[PDB]
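Chemist: Input: one structure, supplied below.
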Amino acid sequence: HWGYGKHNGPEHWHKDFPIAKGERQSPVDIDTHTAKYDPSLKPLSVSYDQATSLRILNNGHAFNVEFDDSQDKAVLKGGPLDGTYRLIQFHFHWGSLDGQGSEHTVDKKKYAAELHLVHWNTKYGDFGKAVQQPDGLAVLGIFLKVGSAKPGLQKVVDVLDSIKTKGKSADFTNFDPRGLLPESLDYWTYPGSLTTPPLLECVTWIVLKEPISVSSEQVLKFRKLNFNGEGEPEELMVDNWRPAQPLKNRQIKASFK
Ligand SMILES: Cc1cc(C)n(O)c(=S)c1
Ligand SMILES: [Zn+2]
């Protein structure tokens with residue numbers, strides 16, 4: 001099955017998931033000089049005051065922080081979106097070294113990691129029906145750079161030793177995702193896809209311009225997770241990022257001058 005190694009990595013995925021070579025794949029490089037300011041975009045509205053986290057899960061590819069999405073509690077709207085998108089989970093992509101790890105790049109620059117806050121369009125009723133639609137998802141992508149610690153990240157780092165291997169989960173209640181947000185909500189936006197199989201083309205990407213800073217110690221703890229399950233040879237969970245894909249017939253729009 002798919003993964004991030006030599007024999008099952010991103011260059012292989014197209015054989016089980018042919019949409020890997022589709023017309024709106026993600027991530028992409030954001031060429032800041034070519035991204036046009038769109039004064040018709042709206043400020044993004046991120047309303048996370050009532051977010052209910054439930055659990056954290058090592059799925060063998062990354063970890064997911066999962067939310068109760070059975071009511072309008074943590075929603076994204078505004079920006080490029082029509083209507084209301086409900087937070088279902090967040091996860092990260094990261095490198096073995098600080099110079100790589102993000103999926104989107106900015107003028108070919110890679111950040112150490114990238115956070116994805118995944119939301120589904122409530123007009124489709126649930127996540128499974130939303131990923132069958134071209135406007136079913138909105139993913140808020142936030143870059144991580146190594147520097148000062150992010151205090152709001154520490155509760156996630158401190159639980160990782162409890163979900164070291166594939167299939168492990170832990171209670172993860174009362175986590176507030178507002179502590180993962182940078183000051184500015186200035187963003188780039190373009191139509192794309194999930195960056196992991198099944199690579200579905202459902203995503204309005206909203207990529208914040210401002211990275212958050214995390215400490216070297218925090219990212220080191222991500223790199224101690226394992227892709228393997230308990231009792232299997234150890235394979236560290238690092239470099240779980242897909243490289244940039246062809247932009248094709250798409251334009252990236254900027255919310256800011
Ligand atoms: C819904 C979803 C799930 C995963 C694992 N990833 O990586 C993205 S970008 C989106
Ligand atoms: Zn992702």
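Numbers here mean position along the shown chain, with the first residue as 1.
So how was this one determined? The header says X-ray crystallography, 1.5 Å.
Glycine is no exception: its Cβ is also placed from the backbone N, Cα and C atoms.
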Chemist: Out of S102, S169, which one does Swiss-Prot list as phosphoserine?
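Modeler: Of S102, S169, Swiss-Prot lists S169 as: phosphoserine.
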Chemist: For the Zn(2+) site, Swiss-Prot lists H91, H93; sort out which one of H104, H116 goes with them.
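Modeler: Of the residues offered, the record points to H116.
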Chemist: Could you check Swiss-Prot and say which of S47, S162, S216 is marked as phosphoserine?
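Modeler: Annotated as phosphoserine in Swiss-Prot: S162.
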Chemist: Spatially speaking, which of the binding-site residues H91, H116, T195, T196 is closest to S162 (phosphoserine)? Use C-alpha to C-alpha, please.
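Modeler: Checked the binding-site residues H91, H116, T195, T196; minimum Cα distance to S162 (phosphoserine) goes to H91.
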Chemist: Translate the DSSP assignment of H91 (Zn(2+) binding site) into the three-state scheme.
Modeler: strand
